[PDB]
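Taking it in order: structure first as structure tokens, then the write-up.
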RNA sequence: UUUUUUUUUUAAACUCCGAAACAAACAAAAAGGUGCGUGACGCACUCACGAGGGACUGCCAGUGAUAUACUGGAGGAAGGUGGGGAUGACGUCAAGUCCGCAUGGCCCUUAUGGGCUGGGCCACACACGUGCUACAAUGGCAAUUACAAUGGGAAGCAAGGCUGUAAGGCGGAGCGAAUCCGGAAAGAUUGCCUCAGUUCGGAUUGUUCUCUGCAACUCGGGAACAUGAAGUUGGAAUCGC
Ligand SMILES: Nc1ncnc2c1ncn2[C@@H]1O[C@H](COP(=O)(O)OP(=O)(O)OP(=O)(O)O)[C@@H](O)[C@H]1O
Ligand SMILES: [K+]
Ligand SMILES: [K+]
Ligand SMILES: [K+]
Ligand SMILES: [Mg+2]
Ligand SMILES: [Mg+2]
Ligand SMILES: [Mg+2]
Ligand SMILES: [Mg+2]
Ligand SMILES: [Mg+2]
Ligand SMILES: [Mg+2]
Ligand SMILES: [Mg+2]
Ligand SMILES: [Mg+2]
Ligand SMILES: [Mg+2]
Ligand SMILES: [Mg+2]
Ligand SMILES: [Mg+2]
Ligand SMILES: [Mg+2]
Ligand SMILES: [Mg+2]
Ligand SMILES: [Mg+2]
Ligand SMILES: [Mg+2]
Ligand SMILES: [Mg+2]
Ligand SMILES: [Mg+2]
Ligand SMILES: [Mg+2]
Ligand SMILES: [Mg+2]
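Protein chains in written order, with the authors' numbering: chain T, 49 to 98; chain W, 95 to 195, 202 to 480; chain H, 322 to 429; chain L, 32 to 141; chain F, -8 to 148; chain I, 121 to 233; chain a, 282 to 412; chain Y, 5 to 51; chain R, 132 to 209.
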């Protein structure tokens, strides 16, 4: 599905971002919500992840 | 089907001669049959506790752990290893339950460790010992089931998310062993049970609460939750509150796959006409009733690393800082006992057994029990 | 260093850094050729390349450290080829070609 | 089940089967099922109240035959105003700048 | 050694057994992706290894039942193409046997639609009792060699 | 001591297309001598002025850099600076870092503490 | 060795590029960095926390070092002036954290004194006796 | 508690002070601005 | 705000002063946008060779002027 | 756990005396668990940079015209051209380039010169060449979790943070850079899909936007949602390794 611009593989092929691919801010938000922390916590987090 | 048949006949011929039940350096491989799980002492460490699979499923009606099932399907024998860590956990909860007539026991314990070290088997053996002593144990061998699958509706009073099918599954799994005991235990909270949204049927028309009868026991409350899909979540919450008020028998909460309650769930909430937001497991009503360890109940929650939970904080929320305990892998002696057991159960040929070979398997697996049991048939 | 079988890779246990079994087998093969399993506490730092390249680099470093500990162990390590540095590296792309060797499609 | 203006299959899971509705794709099916509090289930296992809720959720989006008529009327508006895209639509030609020298075979025939 | 490092680490093999394992892993690897095919071969090893017995000797005896003694080659003489029989070398015998076994197993997967480990173990078992599609291929090649045996001495190799 | 010079000092960074070790006589006296990794820029151009696309010639521009540390004191800084402004390093562009220390007058901020 | 006189020690950085060919301007010329240890400023804990909030990531906690670099002005001496002006501004704003702490501490004490049924009678008597 | 109030109230009001000290541009609503085109170097003489 | 597009539609500068008085004559500016105030006017739009006559209606608002004067002849093969 | 034999050591702090009644932990010092660092020592080690060594059929055995060689072996990181590149004879194709440049001759000089705007080089019954994406389960997708090297950065790269479903918008810690700046993917773990023109494959088209630019109609990039073509492994033939 490298020709499909609505998927992550196609957006990587086109070198773009969106809902399917997402920038690194999406990873930051998801891992802040996963660890039950406020979104104003500075990145990288002042916690040990095990 | 002739492949397994020869090993089955050889194992049936092995049990007639009791001299083949040997371990390392001529030790007896199995515990004596008169010994139960409460009578295990330090001289039984490294030996094997034989079970009966029908009896084991009777004591554990919520389902055997997947590690127990895998080990039983590979060994063709209902037996488990007596380790020092299980005896330490059992002695810890025994000293909590009754003090003997400076190691401070811990009421809340999180069983953490490397993957496939034996956390699920230790938890199941602890539940077997606790139910042998007649304890009110709510055992959840699949804690990932609490957060995955089914329906989810937002509570209009508390703001949490209700899962009715999972709640009724929890209640059925509890009652499946605790039916004789819950009939003899009276409810200590007599507030009415607030009804919620049913599984695909919405609210109940005209009825908002179910009152608690004066003579009702805990079995009546659990059956009220089972029979009505509009009250199962509230009955699970009331059961959590009622388990802290039981004074006749010890109460133990055992949750396997406990780290799934600190990550996201399967469910997502539409917060925007173009967007959805994942719902955390802590927002589920059953989990929010059951996750916290900041109380005085005897609760044990074992983590799992086979599930793709990922990385959590070392300082877990709503957990005491000293609750986490390291469950280790096999040592040299436990690995030697395991390899001699697999020799006894004919997982490996007798002609290709040596100290160097099982030491090679142990050092390759680095104490991983599943990898060790997978590598013994490849021994030459 | 002599010990009881500890193996650390980048301050992590080696079954965490290399969870695949064949990578760990390739790591522990030079210890098994000299029959010195469980007698070493190995701490190693590895960087660059991919997973099999890092496994091969750690294997070569283990073999060289075993040779440095006792030179009489060189015979079993040289017989298995563990002391030979694998010099095969990625060949450079040439101009006028699609790859290092693969050519463009030529019209007959 | 007749949802929108299309037949959702009974034996298929609903998230797959809801994409049979015109105007609903992979994203909007997940959005609608998230609005219903359903992860995934078979379409024949729906309750009645779930059916009113499902027909209400699809009704918030433009869908079905009225959406088909809207798209057709927009194309006909482009044709009847005689802009450049309308002339490409009328002639059976690509209207997004694609080449017609070699590779207009989808807009043309085989 | 590059393929199946677990078998090399617990080394009780010889050159032919290592080559057989390497050819069984490597023949169906595509795009430089070893791990899934190697896992399939590992589970095919594991299915009879958990019931005592020596799986390596079993597969050595299974490959031997598929090893083709004679093969045929196309030689054009005076504008008409003949069929010249020839002797198969031992490495080519092993390669052809393992190739036919993997062809039979993967066509059995694409026909019956079950797990690939099941098809591989089933076809190796068929090879062990001198039957199955690989044995039919060996029989067909031997029949083609014996049929065109009068066109020998047209040989060049 | 082989430890790092962390005080009042002059650091010299020399950038050239050629190695400064080829003419080391024109280097200023120094306490430490360090080198940066080489950096190149690849240029691939067509050989023919017309259509011979598969024929290319490849050139590079390799950058070389050296780091020099001169331990000094605060009084012998302008005197060293005067002669440093007039050096002639062969085929190079040199770069003077100055690390000097003063003391902070807290008299206009002592009232606010 | 340390600098003369008394006070906390500053640590300046400066660069000169000697380009050949009679065009001496270079983009690296104007940048000036100034470093200081925050513990040598004699600030309290609240003042240090307000300084850390004002500064952000220019402060390094491991070295206890505050680094102010200035490049927004065209000349080296202007950036050297700007570094010290920024340091005085940051010290002046960080010093306000003592008064805020005193104000909210006396607000907390006064709010707690109103939640005491034995204090209001004496307070009312003292404000009635003098009016 | 008093300690949390002490630690929280000392770090308030620092946005305007930071923007005044460092000469920053304050755009709290985040509308489009001519600041990003007026902060780059002119290049007309270079060209 | 009420605006859904933050950027104004482009119009050349000669149409920004005399407005509809410039739209009763020949227009070379195919890049301008047809405004809602341009309705009920006749323009002659240059296509490269000739000024193609166009009558501005309600349905032409928001388009470019060059969308109604084709530059290549629709062509046929013998 | 005790029995001995031999050697050394003997103001602080109480549950005490005296108070506070408002919680505090405050100008530093006073405790226990921790997370991220730093200095000093260094530069063992990796790496960088400069200069070198090492491989030459040098040694051994055999075949052979004792020659040149060939076939093995030892040692060695590397063995016989160690891998790869650069390096391209006389001439041939009146091979290509007057549209990179320069040039002899011929030709134009209110035009075949110079400028602007607009269009075209992007057309379209078809044919040919080079590629990209696929036709799927040796897979598609989601979550979790690992491992690079080459390079680039002031008309710039832009950390953290705020806003938007998203592309984007705001703002700017540091960096003219071994210092500062951009989640490698295949891989692995868990789960869904279960052989369908499908959760394969994303052509075509609609609507709503966004970036760059004086200007995105002909004729740009990108986002969102929807639309969901052909294609189910390809004849003769032909390419690369
Ligand atoms: N006491 C034991 N007796 C026998 N086999 C055991 C024992 N403990 C562990 N094993 C073996 O190790 C395997 C892993 O055990 P288990 O499933 O309990 O792991 P776990 O520590 O809970 O790991 P996970 O992180 O995967 O949840 C078992 O399937 C079994 O083969
Ligand atoms: K076109
Ligand atoms: K050479
Ligand atoms: K356009
Ligand atoms: Mg797809
Ligand atoms: Mg950011
Ligand atoms: Mg955001
Ligand atoms: Mg487990
Ligand atoms: Mg490559
Ligand atoms: Mg290279
Ligand atoms: Mg650079
Ligand atoms: Mg050195
Ligand atoms: Mg040799
Ligand atoms: Mg010619
Ligand atoms: Mg020509
Ligand atoms: Mg022009
Ligand atoms: Mg800045
Ligand atoms: Mg993948
Ligand atoms: Mg999988
Ligand atoms: Mg599809
Ligand atoms: Mg656009
Ligand atoms: Mg078709
Ligand atoms: Mg198919």
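For every residue, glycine included, the Cβ atom is placed at its ideal position computed from N, Cα and C.
Taking C-beta atoms as the reference points, residue 282/W and residue 322/W count as a pair closer than 7 angstroms. In this structure, DSSP gives residue 364/H an extended state, which the three-state scheme calls strand. Closer than 7 angstroms to the CB of residue 13/Y there is at least one CB belonging to chain a. Burial of residue 441/W is indicated by the presence of at least 16 other C-beta atoms within 10 angstroms of its C-beta. With a contact defined as Cβ atoms closer than 8 angstroms, residue 317/a and residue 291/a qualify at about 6 angstroms. Assigned with DSSP and collapsed to three states, residue 50/T falls in coil, not helix or strand.
For the segment 74 to 92 of chain T, the beta-carbon criterion of a distance under 9 angstroms to any beta-carbon of chain W is satisfied by 78, 79, 81, 82, 83, 84 and 85. Sequence-distant Cβ neighbours of residue 412/H in its own chain, meaning closer than 6 angstroms and more than five residues away, are 421.
A distance below 7 angstroms between beta-carbons, with the five flanking residues on each side excluded, links residue 406/H to the following residues of its chain, in chain order: 381. In the three-state DSSP reduction, residue 351/H falls in the helix class (H, G or I). Rounded to the nearest whole angstrom, the C-alpha separation of residue 443/W and residue 143/W is 17 angstroms. Around the C-beta of residue 203/I, fewer than 16 other C-beta atoms lie within 10 Å, and the residue is accordingly described as exposed.
Residue pairing of residue 144/W in beta bridges, as defined by DSSP: 173/W.
By the Cβ-count criterion, residue 137/F is exposed, with fewer than 16 other Cβ atoms from all chains shown falling within 10 Å of its own Cβ. Per DSSP, residue 331/a lies in no beta strand (DSSP E); the unbroken alpha helix (DSSP H) holding it starts and ends at 326 to 336. The Cβ-Cβ distance between residue 461/W and residue 447/W does not fall below 7 angstroms. Per DSSP, residue 48/L is one residue of the alpha helix (DSSP H) stretching across 45 to 48. Exclusion of the five residues before and after residue 413/W leaves no residue of its chain whose Cβ lies closer than 6 angstroms to its Cβ.
Remark: C-beta atoms of residue 172/W and residue 147/W approach each other more closely than 7 angstroms. Contact between residue 151/R and residue 173/R is ruled out by a C-beta separation of about 11 angstroms, above the 8 angstroms threshold. Excluding five sequence positions before and after residue 185/I, the CB atoms of its chain that fall closer than 6 angstroms to its own CB belong to 135 and 156, given in chain order. DSSP, reduced to helix, strand and coil, places residue 356/W within a strand of the structure shown.
Within the segment 351 to 373 of chain H, the residues whose Cβ lies closer than 7 angstroms to any Cβ of chain W are, in chain order, 353, 358 and 359. Listed along the chain, the chain W residues whose CB falls inside 9 angstroms of the CB of residue 96/T are 413, 414 and 415.
Sequence-distant Cβ neighbours of residue 257/W in its own chain, meaning closer than 8 angstroms and more than five residues away, are 294.
Contact check between the segment 318 to 335 of chain W and the segment 262 to 270 of chain W: three or more CB pairs, one atom from each, fall below 8 angstroms, which counts as touching. Residues of chain T with a Cβ closer than 7 angstroms to the Cβ of residue 390/W do not exist; the shortest Cβ-Cβ separation is about 16 angstroms. Comparing C-alpha distances from residue 255/W to each of 324/W, 386/W and 116/W shows the shortest one belongs to 386/W.
In this model, residue 326/a and residue 338/a are separated by some 18 angstroms (Cα to Cα). Three or more beta-carbon pairs separated by less than 8 angstroms link the segment 114 to 129 of chain F to the segment 48 to 60 of chain F, which places the two stretches in contact.
Residues of the segment 43 to 55 of chain L whose Cβ lies closer than 8 angstroms to any Cβ of chain W: none. Restricting attention to 393/a, 387/a, 372/a and 310/a, the CA atom closest to the CA of residue 227/I is found in 372/a. Sixteen is the threshold: since fewer than 16 other Cβ atoms of the shown chains lie within 10 Å of the Cβ of residue 144/F, the residue is exposed. Contact note: residue 389/a reaches chain Y through 6 and 9, using a C-beta cutoff of 8 angstroms and chain order.
Among the CB atoms of chain Y, none fall inside 7 angstroms of the CB of residue 394/a. In this structure, the alpha-carbon of residue 82/T lies about 10 angstroms from that of residue 378/W.
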